[PDB]
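Shown next: my_file.pdb, given as PDB, C-alpha atoms.
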ATOM      1  CA  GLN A   1      -4.767  67.229 -63.994  1.00  0.00           C
ATOM      2  CA  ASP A   2      -7.534  68.823 -61.917  1.00  0.00           C
ATOM      3  CA  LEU A   3      -8.045  65.677 -59.842  1.00  0.00           C
ATOM      4  CA  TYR A   4      -4.293  65.427 -59.163  1.00  0.00           C
ATOM      5  CA  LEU A   5      -4.538  68.507 -56.963  1.00  0.00           C
ATOM      6  CA  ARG A   6      -8.206  68.340 -55.948  1.00  0.00           C
ATOM      7  CA  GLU A   7      -8.091  64.903 -54.328  1.00  0.00           C
ATOM      8  CA  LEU A   8      -4.730  65.533 -52.641  1.00  0.00           C
ATOM      9  CA  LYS A   9      -6.058  68.722 -51.072  1.00  0.00           C
ATOM     10  CA  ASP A  10      -9.214  66.769 -50.174  1.00  0.00           C
ATOM     11  CA  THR A  11      -7.175  64.104 -48.354  1.00  0.00           C
ATOM     12  CA  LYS A  12      -4.793  66.661 -46.820  1.00  0.00           C
ATOM     13  CA  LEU A  13      -7.341  69.185 -45.495  1.00  0.00           C
ATOM     14  CA  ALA A  14     -10.104  67.102 -43.893  1.00  0.00           C
ATOM     15  CA  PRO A  15      -7.758  64.382 -42.521  1.00  0.00           C
ATOM     16  CA  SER A  16      -5.585  67.178 -41.109  1.00  0.00           C
ATOM     17  CA  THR A  17      -8.502  68.542 -39.080  1.00  0.00           C
ATOM     18  CA  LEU A  18      -9.888  65.036 -38.576  1.00  0.00           C
ATOM     19  CA  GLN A  19      -7.147  63.137 -36.688  1.00  0.00           C
ATOM     20  CA  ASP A  20      -3.347  62.943 -36.302  1.00  0.00           C
ATOM     21  CA  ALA A  21      -3.164  66.709 -35.815  1.00  0.00           C
ATOM     22  CA  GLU A  22      -6.219  66.223 -33.552  1.00  0.00           C
ATOM     23  CA  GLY A  23      -8.053  69.510 -33.884  1.00  0.00           C
ATOM     24  CA  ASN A  24     -11.591  70.462 -34.971  1.00  0.00           C
ATOM     25  CA  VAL A  25     -13.733  68.643 -37.547  1.00  0.00           C
ATOM     26  CA  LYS A  26     -14.805  70.385 -40.760  1.00  0.00           C
ATOM     27  CA  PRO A  27     -16.295  67.699 -43.064  1.00  0.00           C
ATOM     28  CA  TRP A  28     -18.909  66.003 -40.848  1.00  0.00           C
ATOM     29  CA  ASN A  29     -20.758  67.005 -37.690  1.00  0.00           C
ATOM     30  CA  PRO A  30     -19.721  64.146 -35.322  1.00  0.00           C
ATOM     31  CA  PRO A  31     -16.173  64.727 -34.042  1.00  0.00           C
ATOM     32  CA  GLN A  32     -13.742  61.822 -33.718  1.00  0.00           C
ATOM     33  CA  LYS A  33     -11.067  64.061 -32.169  1.00  0.00           C
ATOM     34  CA  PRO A  34     -12.460  63.472 -28.630  1.00  0.00           C
ATOM     35  CA  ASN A  35     -14.058  60.121 -29.580  1.00  0.00           C
ATOM     36  CA  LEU A  36     -11.162  57.761 -30.363  1.00  0.00           C
ATOM     37  CA  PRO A  37      -8.675  58.753 -27.595  1.00  0.00           C
ATOM     38  CA  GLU A  38     -11.175  59.633 -24.828  1.00  0.00           C
ATOM     39  CA  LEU A  39     -14.502  57.828 -25.299  1.00  0.00           C
ATOM     40  CA  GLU A  40     -12.851  54.822 -26.965  1.00  0.00           C
ATOM     41  CA  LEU A  41     -10.154  54.743 -24.270  1.00  0.00           C
ATOM     42  CA  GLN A  42     -12.614  52.623 -22.265  1.00  0.00           C
ATOM     43  CA  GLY A  43     -13.788  50.827 -25.421  1.00  0.00           C
ATOM     44  CA  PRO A  44     -11.445  47.849 -25.127  1.00  0.00           C
ATOM     45  CA  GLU A  45     -11.746  48.272 -21.358  1.00  0.00           C
ATOM     46  CA  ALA A  46     -15.478  47.606 -21.665  1.00  0.00           C
ATOM     47  CA  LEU A  47     -14.776  44.782 -24.127  1.00  0.00           C
ATOM     48  CA  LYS A  48     -12.180  43.199 -21.825  1.00  0.00           C
ATOM     49  CA  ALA A  49     -12.298  42.635 -18.068  1.00  0.00           C
ATOM     50  CA  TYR A  50     -11.943  45.892 -16.130  1.00  0.00           C
ATOM     51  CA  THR A  51     -10.294  46.284 -12.692  1.00  0.00           C
ATOM     52  CA  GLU A  52      -9.459  42.541 -12.768  1.00  0.00           C
ATOM     53  CA  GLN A  53      -7.488  41.704 -15.930  1.00  0.00           C
ATOM     54  CA  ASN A  54      -6.543  45.141 -17.286  1.00  0.00           C
ATOM     55  CA  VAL A  55      -5.014  46.087 -13.917  1.00  0.00           C
ATOM     56  CA  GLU A  56      -3.618  42.561 -13.326  1.00  0.00           C
ATOM     57  CA  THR A  57      -4.841  42.264  -9.738  1.00  0.00           C
ATOM     58  CA  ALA A  58      -1.991  41.160  -7.464  1.00  0.00           C
ATOM     59  CA  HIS A  59      -4.058  38.368  -5.934  1.00  0.00           C
ATOM     60  CA  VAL A  60      -1.772  37.055  -3.193  1.00  0.00           C
ATOM     61  CA  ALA A  61      -3.237  33.569  -2.864  1.00  0.00           C
ATOM     62  CA  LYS A  62      -2.851  31.621   0.364  1.00  0.00           C
ATOM     63  CA  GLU A  63       0.429  29.718   0.517  1.00  0.00           C
ATOM     64  CA  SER A  64       0.352  25.938   0.206  1.00  0.00           C
ATOM     65  CA  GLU A  65      -0.449  24.293   3.533  1.00  0.00           C
ATOM     66  CA  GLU A  66       0.797  21.051   5.090  1.00  0.00           C
ATOM     67  CA  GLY A  67      -0.128  18.579   7.826  1.00  0.00           C
ATOM     68  CA  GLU A  68      -0.163  21.512  10.275  1.00  0.00           C
ATOM     69  CA  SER A  69       2.700  19.997  12.309  1.00  0.00           C
ATOM     70  CA  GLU A  70       0.688  16.849  12.979  1.00  0.00           C
ATOM     71  CA  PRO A  71       2.199  14.808  15.852  1.00  0.00           C
ATOM     72  CA  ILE A  72       2.808  11.053  16.121  1.00  0.00           C
ATOM     73  CA  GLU A  73      -0.997  10.677  16.245  1.00  0.00           C
ATOM     74  CA  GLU A  74      -1.284  10.516  12.454  1.00  0.00           C
ATOM     75  CA  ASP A  75       1.752   8.214  12.391  1.00  0.00           C
ATOM     76  CA  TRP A  76       0.079   5.577  14.537  1.00  0.00           C
ATOM     77  CA  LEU A  77      -3.208   6.125  12.691  1.00  0.00           C
ATOM     78  CA  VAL A  78      -1.335   5.197   9.502  1.00  0.00           C
ATOM     79  CA  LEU A  79       0.185   2.247  11.367  1.00  0.00           C
ATOM     80  CA  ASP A  80      -3.285   1.092  12.436  1.00  0.00           C
ATOM     81  CA  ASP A  81      -4.853   1.367   8.982  1.00  0.00           C
ATOM     82  CA  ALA A  82      -1.890  -0.371   7.333  1.00  0.00           C
ATOM     83  CA  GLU A  83      -2.099  -3.142   9.938  1.00  0.00           C
ATOM     84  CA  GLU A  84      -5.831  -3.689   9.455  1.00  0.00           C
ATOM     85  CA  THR A  85      -5.407  -3.705   5.671  1.00  0.00           C
ATOM     86  CA  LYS A  86      -2.522  -6.198   5.855  1.00  0.00           C
ATOM     87  CA  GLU A  87      -4.196  -8.466   8.430  1.00  0.00           C
ATOM     88  CA  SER A  88      -6.544  -9.943   5.802  1.00  0.00           C
ATOM     89  CA  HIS A  89      -3.751 -10.473   3.244  1.00  0.00           C
TER      90      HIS A  89
ATOM     91  CA  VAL B   1      -1.654  12.504   4.831  1.00  0.00           C
ATOM     92  CA  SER B   2       0.995   9.796   5.091  1.00  0.00           C
ATOM     93  CA  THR B   3       0.658   6.862   2.709  1.00  0.00           C
ATOM     94  CA  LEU B   4      -0.015   3.349   3.942  1.00  0.00           C
ATOM     95  CA  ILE B   5       3.052   1.339   4.860  1.00  0.00           C
ATOM     96  CA  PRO B   6       2.549  -2.445   4.423  1.00  0.00           C
ATOM     97  CA  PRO B   7       6.209  -3.580   4.525  1.00  0.00           C
ATOM     98  CA  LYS B   8       6.810  -0.986   7.247  1.00  0.00           C
ATOM     99  CA  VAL B   9       3.896  -2.393   9.278  1.00  0.00           C
ATOM    100  CA  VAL B  10       4.742  -6.073   9.755  1.00  0.00           C
ATOM    101  CA  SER B  11       5.483  -6.004  13.485  1.00  0.00           C
ATOM    102  CA  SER B  12       1.842  -6.745  14.338  1.00  0.00           C
ATOM    103  CA  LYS B  13       0.956  -8.471  11.054  1.00  0.00           C
ATOM    104  CA  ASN B  14       1.838 -12.173  10.995  1.00  0.00           C
ATOM    105  CA  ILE B  15       1.584 -14.916   8.377  1.00  0.00           C
ATOM    106  CA  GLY B  16      -2.185 -15.295   8.147  1.00  0.00           C
ATOM    107  CA  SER B  17      -3.728 -16.832  11.253  1.00  0.00           C
ATOM    108  CA  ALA B  18      -3.006 -20.578  11.217  1.00  0.00           C
ATOM    109  CA  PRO B  19       0.683 -20.379  10.112  1.00  0.00           C
ATOM    110  CA  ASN B  20       1.670 -18.154  13.041  1.00  0.00           C
ATOM    111  CA  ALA B  21      -0.328 -20.383  15.396  1.00  0.00           C
ATOM    112  CA  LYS B  22       1.559 -23.476  14.204  1.00  0.00           C
ATOM    113  CA  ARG B  23       4.956 -21.744  13.980  1.00  0.00           C
ATOM    114  CA  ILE B  24       5.507 -22.116  17.733  1.00  0.00           C
ATOM    115  CA  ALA B  25       4.372 -25.745  17.534  1.00  0.00           C
ATOM    116  CA  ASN B  26       6.759 -26.654  14.711  1.00  0.00           C
ATOM    117  CA  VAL B  27       9.795 -24.596  15.779  1.00  0.00           C
ATOM    118  CA  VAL B  28      10.375 -26.512  19.036  1.00  0.00           C
ATOM    119  CA  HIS B  29       9.211 -29.961  17.884  1.00  0.00           C
ATOM    120  CA  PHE B  30      12.414 -30.313  15.833  1.00  0.00           C
ATOM    121  CA  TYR B  31      14.733 -28.564  18.313  1.00  0.00           C
ATOM    122  CA  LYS B  32      15.293 -30.941  21.255  1.00  0.00           C
ATOM    123  CA  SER B  33      15.259 -34.366  19.628  1.00  0.00           C
ATOM    124  CA  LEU B  34      17.753 -37.098  18.829  1.00  0.00           C
ATOM    125  CA  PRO B  35      19.576 -36.605  15.494  1.00  0.00           C
ATOM    126  CA  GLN B  36      19.485 -40.188  14.186  1.00  0.00           C
ATOM    127  CA  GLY B  37      18.769 -43.252  16.312  1.00  0.00           C
ATOM    128  CA  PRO B  38      20.638 -41.943  19.350  1.00  0.00           C
ATOM    129  CA  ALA B  39      20.411 -43.817  22.661  1.00  0.00           C
ATOM    130  CA  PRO B  40      19.115 -47.200  21.427  1.00  0.00           C
ATOM    131  CA  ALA B  41      19.074 -48.556  25.018  1.00  0.00           C
ATOM    132  CA  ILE B  42      19.109 -52.092  23.612  1.00  0.00           C
ATOM    133  CA  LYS B  43      21.153 -53.588  26.460  1.00  0.00           C
ATOM    134  CA  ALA B  44      18.948 -54.956  29.255  1.00  0.00           C
ATOM    135  CA  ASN B  45      19.207 -58.101  31.411  1.00  0.00           C
ATOM    136  CA  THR B  46      16.982 -58.314  34.504  1.00  0.00           C
ATOM    137  CA  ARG B  47      15.219 -61.632  33.805  1.00  0.00           C
ATOM    138  CA  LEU B  48      12.205 -59.645  32.613  1.00  0.00           C
ATOM    139  CA  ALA B  49      14.614 -57.317  30.805  1.00  0.00           C
ATOM    140  CA  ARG B  50      16.649 -60.350  29.724  1.00  0.00           C
ATOM    141  CA  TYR B  51      13.490 -61.630  28.034  1.00  0.00           C
ATOM    142  CA  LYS B  52      12.965 -58.121  26.637  1.00  0.00           C
ATOM    143  CA  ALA B  53      16.399 -58.004  24.982  1.00  0.00           C
ATOM    144  CA  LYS B  54      16.582 -61.737  24.161  1.00  0.00           C
ATOM    145  CA  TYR B  55      13.277 -63.021  22.742  1.00  0.00           C
ATOM    146  CA  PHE B  56      10.578 -60.465  23.606  1.00  0.00           C
ATOM    147  CA  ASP B  57      12.234 -57.896  21.320  1.00  0.00           C
ATOM    148  CA  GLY B  58       9.866 -56.274  18.848  1.00  0.00           C
ATOM    149  CA  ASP B  59      12.050 -56.828  15.781  1.00  0.00           C
ATOM    150  CA  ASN B  60      10.503 -60.280  15.252  1.00  0.00           C
ATOM    151  CA  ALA B  61       8.376 -61.156  18.334  1.00  0.00           C
ATOM    152  CA  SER B  62       7.187 -64.321  16.599  1.00  0.00           C
ATOM    153  CA  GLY B  63       5.497 -67.310  18.226  1.00  0.00           C
ATOM    154  CA  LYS B  64       8.814 -68.858  19.272  1.00  0.00           C
ATOM    155  CA  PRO B  65       8.881 -67.083  22.683  1.00  0.00           C
ATOM    156  CA  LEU B  66       5.263 -68.164  23.181  1.00  0.00           C
ATOM    157  CA  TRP B  67       6.131 -71.773  22.329  1.00  0.00           C
ATOM    158  CA  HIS B  68       9.115 -71.681  24.700  1.00  0.00           C
ATOM    159  CA  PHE B  69       6.914 -70.277  27.475  1.00  0.00           C
ATOM    160  CA  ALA B  70       4.352 -73.023  26.836  1.00  0.00           C
ATOM    161  CA  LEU B  71       7.112 -75.649  26.946  1.00  0.00           C
ATOM    162  CA  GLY B  72       8.352 -74.311  30.280  1.00  0.00           C
ATOM    163  CA  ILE B  73       4.805 -74.182  31.649  1.00  0.00           C
ATOM    164  CA  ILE B  74       4.097 -77.785  30.648  1.00  0.00           C
ATOM    165  CA  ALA B  75       7.482 -78.890  32.024  1.00  0.00           C
ATOM    166  CA  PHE B  76       6.597 -77.380  35.405  1.00  0.00           C
ATOM    167  CA  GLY B  77       3.067 -78.776  35.183  1.00  0.00           C
ATOM    168  CA  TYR B  78       4.375 -82.301  34.653  1.00  0.00           C
ATOM    169  CA  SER B  79       6.147 -82.173  38.022  1.00  0.00           C
ATOM    170  CA  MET B  80       3.124 -80.465  39.590  1.00  0.00           C
ATOM    171  CA  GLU B  81       0.841 -83.264  38.362  1.00  0.00           C
ATOM    172  CA  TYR B  82       3.320 -85.885  39.570  1.00  0.00           C
ATOM    173  CA  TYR B  83       3.125 -84.243  42.998  1.00  0.00           C
ATOM    174  CA  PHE B  84      -0.689 -84.029  42.884  1.00  0.00           C
ATOM    175  CA  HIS B  85      -1.982 -86.762  40.556  1.00  0.00           C
TER     176      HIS B  85
END

Turn this file's structure into structure tokens for me.
Amino acid sequence: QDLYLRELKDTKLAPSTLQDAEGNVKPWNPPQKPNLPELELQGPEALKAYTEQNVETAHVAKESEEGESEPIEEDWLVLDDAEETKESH
Amino acid sequence: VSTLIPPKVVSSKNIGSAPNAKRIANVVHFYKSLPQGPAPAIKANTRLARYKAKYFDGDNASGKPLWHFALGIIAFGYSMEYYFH
């Protein structure tokens, strides 16, 4: 019937020059051709963390440290504290 | 950062305070002693030692040595009184 061609041309003309083909906008004044791929390119970027999580910053954290090559000094300190703890046993 | 080491630090730690003090006392008290009744030294005869090993021994030490001494004293005193009185 009339609708069988009218609505198909309606949904094949305006959507054609609305997106996918990505050129011009006939039905309504605001264009989404430069809105969804350009202005909304930073949309999720604004929603998410930018320059930290989107770029996955290669934060090279300081490597795990140690006793800094502590000499026998800490050894006899441990000896002394163990001795004074065990003296009252 | 090393953990404490109780069984590794026992060189300076002793058994309390009193037990280590008495350890030296008790270790040598049982070392140089007779095993069981060694060296009785019962044998002795030097008049005084003859009395020691004959009647003055401490196993009985009853009044019998005293009575014998009194008998000897009175026996000597009888002759002394005969000389004097």

Tell me as an mmCIF file with C-alpha atoms, in the frame of the given file which residues belonging to chain B come within 12 Å of chain A, counting only C-alpha atoms.
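Ended up saving to selection-v1.cif:
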data_model
loop_
_atom_site.group_PDB
_atom_site.id
_atom_site.type_symbol
_atom_site.label_atom_id
_atom_site.label_comp_id
_atom_site.auth_asym_id
_atom_site.auth_seq_id
_atom_site.Cartn_x
_atom_site.Cartn_y
_atom_site.Cartn_z
ATOM 1 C CA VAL B 1 -1.654 12.504 4.831
ATOM 2 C CA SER B 2 0.995 9.796 5.091
ATOM 3 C CA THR B 3 0.658 6.862 2.709
ATOM 4 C CA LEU B 4 -0.015 3.349 3.942
ATOM 5 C CA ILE B 5 3.052 1.339 4.860
ATOM 6 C CA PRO B 6 2.549 -2.445 4.423
ATOM 7 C CA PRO B 7 6.209 -3.580 4.525
ATOM 8 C CA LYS B 8 6.810 -0.986 7.247
ATOM 9 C CA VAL B 9 3.896 -2.393 9.278
ATOM 10 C CA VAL B 10 4.742 -6.073 9.755
ATOM 11 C CA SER B 11 5.483 -6.004 13.485
ATOM 12 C CA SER B 12 1.842 -6.745 14.338
ATOM 13 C CA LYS B 13 0.956 -8.471 11.054
ATOM 14 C CA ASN B 14 1.838 -12.173 10.995
ATOM 15 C CA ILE B 15 1.584 -14.916 8.377
ATOM 16 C CA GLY B 16 -2.185 -15.295 8.147
ATOM 17 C CA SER B 17 -3.728 -16.832 11.253
#

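If you look at atom CA of residue A:23 and atom CA of residue A:2, they are 28.0 Å away from each other.
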
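The protein and nucleic acid residues lying at most 12 Å from stretch 33-45 of chain B are residues 27, 28, 29, 30, 48, 49, 50, 51, 52, 53, 54, 55, 56, 57, 58 and 59 of chain B, with all atoms listed in the file considered and sequence neighbours fewer than 3 positions away removed.
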
Problem - Residues within 10 Å of residue A:34, all atoms listed in the file, excluding chain neighbours under 3 positions, as a VMD selection string - result: chain A and resid 19 22 to 24 30 to 31 37 to 40

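Non-sequential neighbours of residue A:54 (distance at most 12 Å, separation of 4 or more positions within a chain, all atoms listed in the file) are residues 42, 44, 45, 46, 47, 48, 49, 50 and 58 of chain A.
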
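Put simply, atom CA of residue A:7 is 16.1 Å away from atom CA of residue A:26.
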
Give, as lines of an AutoDock Vina configuration file, the centre coordinates and the x, y and z edge lengths in Å to one decimal for an axis-aligned box around all listed atoms of stretch 16-30 of chain B, padded by 5 Å on each side.
center_x = 4.3
center_y = -22.8
center_z = 13.6
size_x = 26.1
size_y = 25.0
size_z = 20.9

Practice task
Have a look at atom CA of residue B:81 and atom CA of residue B:68 and let me know their distance in Å, one decimal.
Solution key: 19.7 Å

Complete the atom set of stretch 23-50 of chain B to N, CA and C atoms and return it as a short mmCIF file (atom, residue, chain, number, x, y, z; two decimals), in the frame of the given file.
data_model
loop_
_atom_site.label_atom_id
_atom_site.label_comp_id
_atom_site.auth_asym_id
_atom_site.auth_seq_id
_atom_site.Cartn_x
_atom_site.Cartn_y
_atom_site.Cartn_z
N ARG B 23 3.52 -22.01 13.99
CA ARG B 23 4.96 -21.74 13.98
C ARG B 23 5.60 -22.13 15.31
N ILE B 24 4.97 -21.76 16.42
CA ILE B 24 5.51 -22.12 17.73
C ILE B 24 5.49 -23.63 17.92
N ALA B 25 4.45 -24.29 17.42
CA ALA B 25 4.37 -25.74 17.53
C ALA B 25 5.49 -26.43 16.76
N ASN B 26 5.78 -25.96 15.54
CA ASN B 26 6.76 -26.65 14.71
C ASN B 26 8.20 -26.23 14.98
N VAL B 27 8.42 -25.06 15.57
CA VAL B 27 9.80 -24.60 15.78
C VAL B 27 10.49 -25.43 16.85
N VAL B 28 9.77 -25.80 17.91
CA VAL B 28 10.38 -26.51 19.04
C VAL B 28 10.22 -28.02 18.93
N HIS B 29 9.35 -28.52 18.05
CA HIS B 29 9.21 -29.96 17.88
C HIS B 29 10.46 -30.58 17.28
N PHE B 30 11.20 -29.83 16.47
CA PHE B 30 12.41 -30.31 15.83
C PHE B 30 13.68 -29.85 16.54
N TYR B 31 13.56 -29.12 17.65
CA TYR B 31 14.73 -28.56 18.31
C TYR B 31 15.42 -29.59 19.22
N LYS B 32 14.71 -30.06 20.25
CA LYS B 32 15.29 -30.94 21.26
C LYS B 32 14.87 -32.38 20.97
N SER B 33 15.52 -32.98 19.97
CA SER B 33 15.26 -34.37 19.63
C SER B 33 16.55 -35.02 19.16
N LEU B 34 16.57 -36.35 19.23
CA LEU B 34 17.75 -37.10 18.83
C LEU B 34 18.01 -36.93 17.33
N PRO B 35 19.28 -36.81 16.92
CA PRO B 35 19.58 -36.60 15.49
C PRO B 35 19.22 -37.81 14.63
N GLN B 36 19.76 -38.98 14.97
CA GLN B 36 19.48 -40.19 14.19
C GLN B 36 19.76 -41.41 15.07
N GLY B 37 18.69 -42.00 15.60
CA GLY B 37 18.77 -43.25 16.31
C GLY B 37 19.65 -43.22 17.54
N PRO B 38 19.83 -42.04 18.13
CA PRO B 38 20.64 -41.94 19.35
C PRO B 38 19.98 -42.65 20.52
N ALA B 39 20.83 -43.14 21.43
CA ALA B 39 20.41 -43.82 22.66
C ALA B 39 19.48 -44.99 22.36
N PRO B 40 19.97 -46.03 21.69
CA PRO B 40 19.11 -47.20 21.43
C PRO B 40 18.62 -47.88 22.69
N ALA B 41 19.43 -47.91 23.75
CA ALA B 41 19.07 -48.56 25.02
C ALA B 41 18.69 -50.02 24.81
N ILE B 42 19.41 -50.69 23.91
CA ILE B 42 19.11 -52.09 23.61
C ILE B 42 19.49 -52.99 24.78
N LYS B 43 20.62 -52.71 25.43
CA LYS B 43 21.15 -53.59 26.46
C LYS B 43 20.24 -53.59 27.68
N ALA B 44 19.79 -54.78 28.08
CA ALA B 44 18.95 -54.96 29.26
C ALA B 44 18.90 -56.42 29.66
N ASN B 45 19.23 -56.72 30.92
CA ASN B 45 19.21 -58.10 31.41
C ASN B 45 18.82 -58.07 32.89
N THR B 46 17.52 -58.24 33.15
CA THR B 46 16.98 -58.31 34.50
C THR B 46 15.89 -59.38 34.56
N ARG B 47 16.18 -60.54 33.96
CA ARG B 47 15.22 -61.63 33.80
C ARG B 47 14.05 -61.18 32.93
N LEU B 48 13.23 -60.26 33.45
CA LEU B 48 12.20 -59.64 32.61
C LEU B 48 12.84 -58.82 31.50
N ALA B 49 13.89 -58.06 31.83
CA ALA B 49 14.61 -57.32 30.80
C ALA B 49 15.47 -58.24 29.95
N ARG B 50 15.95 -59.35 30.52
CA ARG B 50 16.65 -60.35 29.72
C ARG B 50 15.73 -60.93 28.65
#
